[PDB]
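Report on the following structure.
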2 protein chains.
Amino acid sequence: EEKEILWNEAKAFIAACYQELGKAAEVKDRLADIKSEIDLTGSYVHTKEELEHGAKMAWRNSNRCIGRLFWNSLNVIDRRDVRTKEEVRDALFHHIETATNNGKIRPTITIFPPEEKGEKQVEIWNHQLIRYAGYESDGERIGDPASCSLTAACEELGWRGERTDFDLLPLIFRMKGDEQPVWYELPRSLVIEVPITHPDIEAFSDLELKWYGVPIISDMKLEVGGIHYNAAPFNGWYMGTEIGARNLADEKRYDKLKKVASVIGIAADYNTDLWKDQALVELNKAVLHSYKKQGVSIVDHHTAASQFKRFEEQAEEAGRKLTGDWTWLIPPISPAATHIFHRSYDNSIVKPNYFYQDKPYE
Amino acid sequence: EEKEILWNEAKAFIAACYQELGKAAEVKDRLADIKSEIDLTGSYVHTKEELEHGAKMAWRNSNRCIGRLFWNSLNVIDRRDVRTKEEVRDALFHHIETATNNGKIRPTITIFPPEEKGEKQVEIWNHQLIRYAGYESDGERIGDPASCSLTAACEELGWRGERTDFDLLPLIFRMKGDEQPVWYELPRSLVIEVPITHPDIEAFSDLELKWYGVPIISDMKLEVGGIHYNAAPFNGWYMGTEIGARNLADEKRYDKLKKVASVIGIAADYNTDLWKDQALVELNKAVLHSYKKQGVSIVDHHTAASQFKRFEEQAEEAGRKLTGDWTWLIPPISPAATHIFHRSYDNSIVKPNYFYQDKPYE
Ligand code: HEM
Ligand code: HEM
Ligand SMILES: Nc1ccc2ccc(CCNCc3cccc(F)c3)cc2n1
Ligand SMILES: Nc1ccc2ccc(CCNCc3cccc(F)c3)cc2n1
Ligand SMILES: C[C@H](O)[C@H](O)[C@H]1CNc2nc(N)[nH]c(=O)c2N1
Ligand SMILES: C[C@H](O)[C@H](O)[C@H]1CNc2nc(N)[nH]c(=O)c2N1
Ligand SMILES: [Cl-]
Ligand SMILES: [Cl-]
């Protein structure tokens with residue numbers, strides 16, 4: 001059944017891909033080559049053009065993503081040539097550097113060799129290339145709780161964190177044939193971080209909050225025409241609410257709202273005072289202000305929604321069906337102030353696309 | 001097919017209703033009476049006990065309602081005896097009075113005679129018993145845009161609004177046999193209104209905002225055991241966000257956010273300043289403060305979500321499946337600060353329940 005799934009997915013992808021690229025006349029012959037390659041080898045190899053456009057289509061089909069307007073400008077790096085862990089490490093180092101671009105973030109994806117028989121060539125353990133460690137023991141909570149299990153796994157492998165609230169996790173990945181992953185400490189010269197200050201409230205720096213500049217998600221599987229790219233880290237730039245309304249605000253994350261309320265000088269005693277809401281707004285204002293001040297790309301949820309509206313309009317004009325996940329598209333701050341809140345979206349899964357996969361730790 | 005639908009729905013309701021009331025031994029005999037009544041008359045008549053508990057179950061099954069913890073304390077008024085429009089008018093007047101309760105709102109439902117052959121005995125045109133008129137002509141927008149079509153229909157019937165932003169619509173309903181509805185101006189002594197002031201910002205009263213005290217929804221159909229109560233107005237108390245985040249804030253409603261920003265002294269020029277978010281918070285703080293100050297019941301979205309959590313816990317303990325609409329349960333202000341945002345709900349329709357029905361105007 002494996003092979004038929006591959007062949008059926010391949011036909012659908014190549015057709016649609018070549019239609020979009022104005023290469024419709026080449027479909028018939030290309031499908032022939034693929035069909036032979038599948039019978040003879042068990043799989044097929046994408047051209048540079050198919051891979052690039054495939055990763056772009058996958059972004060375009062990501063139902064939960066509000067930033068999809070810019071799907072066609074994705075920078076695709078083909079690293080299907082890597083064979084050694086040093087090559088993987090250097091490819092990951094390069095991705096961080098070129099995506100960061102001194103603060104003017106370039107949306108980028110680096111694509112490593114795909115699974116063969118469901119056998120991974122490269123297996124990346126990090127959720128994001130840059131992420132903070134988390135610790136929990138005897139009631140003592142330090143760092144990012146969302147990283148607790150990966151942190152513990154890294155410390156099994158010889159690594160040790162300084163146990164600040166902002167320890168950078170090392171890169172950690174496993175090569176085909178090795179039983180254990182290797183880990184590499186991040187060169188700090190590659191990592192841009194932003195200290196959180198407030199435009200009007202000087203005391204906000206007493207919180208000593210900061211966040212990293214570029215979210216580089218590295219544990220999702222890119223699927224293109226039946227081929228499973230389990231290792232393909234990608235990045236955009238942040239929407240402010242991701243940091244201010246969730247990462248720093250969630251009770252199961254950094255849980256900073258009570259401390260925010262204190263430094264902005266409001267009581268945190270009564271629900272009817274809406275102190276959490278007010279604290280959320282000021283923290284989110286601080287996040288946008290700080291990134292802007294440092295010259296690191298970021299977008300606010302209002303602008304992002306306006307861009308997404310243009311994505312919707314572009315889709316209808318191009319004659320493509322629009323898919324989306326309403327529950328993820330609405331921002332966690334003032335959702336009813338965006339157009340997204342006031343319409344519905346079809347949540348059907350279209351491929352190419354990015355998917356969750358099981359964690360090798362846990 | 002009509003009759004079988006009635007009989008099948010009746011069996012399910014009476015069984016569940018009598019189980020909950022500890023009257024399980026009475027089901028068999030009651031179903032017999034009903035079955036005969038249906039064959040002979042084409043319908044059946046609920047006991048006072050069935051009607052009361054039926055309306056409570058219907059509230060309990062309302063997927064979109066965050067206030068369901070208090071389902072069992074609903075005050076049920078049986079007005080299946082009414083036959084004249086004066087009786088309907090006086091029943092509606094009484095509902096407003098007893099529900100308002102001098103500000104200490106009592107959740108109440110008044111139940112009028114049900115449809116017979118799908119033929120309505122009483123047909124209420126108002127969306128809510130107390131609601132503001134809306135006008136639109138030659139670019140001139142006045143009042144509540146959501147009331148524009150009903151307002152125009154009322155003005156066809158001899159009524160005329162003063163064209164303030166807060167004209168009270170008259171009660172308007174039609175009796176079986178009449179071709180046109182009648183309308184009755186609301187006695188102002190029955191209507192509690194709350195002027196919107198801010199706890200810290202004196203200039204907020206320059207906006208001259210106000211809202212009515214009690215939301216009494218009067219255009220939904222109550223369905224209980226196959227019986228269609230198309231006329232059954234009900235009320236709770238407001239959650240603040242309904243007024244501050246939607247009614248006064250939506251661009252297609254009162255659209256007050258730019259004026260709010262001005263009186264609270266912030267610029268409304270840049271998305272990155274998050275001025276809409278800040279204006280939303282202050283407006284919502286003002287709404288809660290004002291209602292509290294006037295001694296009119298209201299709940300904030302944080303308290304309401306905490307109550308809903310207890311509803312969830314109560315359901316599991318009672319062995320009842322929980323249903324809900326995530327998209328409606330999350331508040332439009334700081335939704336991620338509530339537990340609701342972080343779990344999922346089954347949106348299956350369970351009866352008894354309240355349903356939309358077609359507008360007789362439009
Ligand atoms: C260019 C800037 C971008 C912005 C502002 C943006 C914005 C967002 C946001 C806010 C989320 C929700 C994340 C969460 O709540 O955890 C999201 C989800 C997502 N975005 Fe984007 N995005 C961008 C670029 C990209 C790129 C380049 C890709 C991949 C090529 C991508 C694919 C996705 C995917 C797959 C998800 C869902 C992740 C999940 O289900 O956990 N986005 N995006
Ligand atoms: C006791 C105070 C109550 C509170 C605070 C409350 C809260 C809410 C809120 C905030 C909504 C969303 C409304 C919207 O966004 O338009 C809602 C919807 C609803 N509530 Fe409640 N509610 C209460 C009592 C009741 C009662 C007494 C009933 C009926 C017996 C009821 C039935 C419903 C229904 C049917 C909806 C959905 C309306 C629709 O789909 O348009 N609620 N509730
Ligand atoms: N700005 C962007 C762009 C692309 C993105 C793609 C994926 C995600 C998901 C981030 N994962 C959040 C998360 C993952 C695991 C645990 C946890 F608490 C939180 C965010 C993006 N954010
Ligand atoms: N506090 C409560 C309690 C019960 C409720 C039941 C229904 C509704 C729905 C209110 N209808 C909103 C609406 C209806 C029609 C047009 C429009 F713009 C807005 C609100 C409740 N609010
Ligand atoms: C299209 C979407 O379903 C619509 O805007 C809904 C979203 N969630 C909501 N939730 C509540 N409580 N009230 C509403 O009017 C809406 N509107
Ligand atoms: C249970 C629920 O689906 C979950 O909390 C979702 C809701 N919507 C979301 N939306 C975004 N953008 N990010 C999230 O992490 C979530 N969490
Ligand atoms: Cl993140
Ligand atoms: Cl309302």
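What's counted below: heavy atoms across the whole structure, side chains too, no hydrogens, waters or symmetry copies. Remember, it's 1-based here, ligands and their atoms both numbered in the order they're listed. Numbers restart at 1 for each chain; the letters A, B, ... are given by sequence-line order, proteins then strands.
For ligand 3, the polar-atom distance check finds no N/O of A/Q128 at less than 3.5 Å from any of the ligand's N/O atoms.
Ranking protein heavy atoms by distance to atom 18 (F) of ligand 3, first place goes to A/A146 CB, 3.5 Å.
When ring centroids are compared, A/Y229 and A/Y354 stay outside the 6.0 Å threshold. When ring centroids are compared, A/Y345 and A/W328 stay outside the 6.0 Å threshold. In summary, the aromatic rings of B/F308 and B/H301 are positioned with their centroids too far apart to meet the 6.0 Å limit.
When non-hydrogen atoms are compared, ligand 3 lies under 4.0 Å from the side chain of A/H127 (C-beta onward) but not from its backbone.
Cation-pi geometry between A/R343 and A/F341 is not met: the NZ or CZ atom fails to fall both under 6.0 Å from the ring centre and inside 45° of the normal.
Using a 4.0 angstrom heavy-atom cutoff, A/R253 counts as in contact with ligand 3. The shell of residues lying under 4.0 angstrom from ligand 3, judged by heavy atoms, excludes A/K359.
A/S218 and A/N126 are not linked by any side-chain donor-acceptor pair at a separation below 3.5 angstrom, with hydrogens and angles left out of the test.
At a threshold of 4.5 Å between non-hydrogen side-chain atoms, the residues A/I196 and A/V287 count as touching. Residues A/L322 and A/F311 have side chains in contact (heavy-atom distance under 4.5 Å, counting atoms from C-beta outward). Residues A/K309 and A/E313 meet the side-chain proximity criterion, which asks for heavy atoms closer than 4.5 Å.
Put simply, the side chain of B/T303 never gets that close to the backbone of B/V299: no donor and acceptor are under 3.5 Å apart. Looking only at distances, no side-chain donor or acceptor of A/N61 sits under 3.5 Å from a matching main-chain atom of A/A58.
In the candidate list A/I217, A/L150, A/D144, A/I243, A/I217 is nearest to atom 6 (C) of ligand 3, counting heavy atoms. Checking A/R246, A/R64, A/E242, A/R131 against atom 17 (C) of ligand 3, the nearest heavy atom belongs to A/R131.
Proximity to A/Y238 (heavy-atom distance under 4.0 Å) selects the following atoms of ligand 3: 1 (N).
Listed as neighbours of ligand 1 are A/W59, A/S62, A/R64, A/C65, A/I66, A/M220, A/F234, A/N235, A/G236, A/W237, A/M239, A/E242, A/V299, A/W328, A/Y354, A/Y356, each bearing a heavy atom under 4.0 Å from the ligand.
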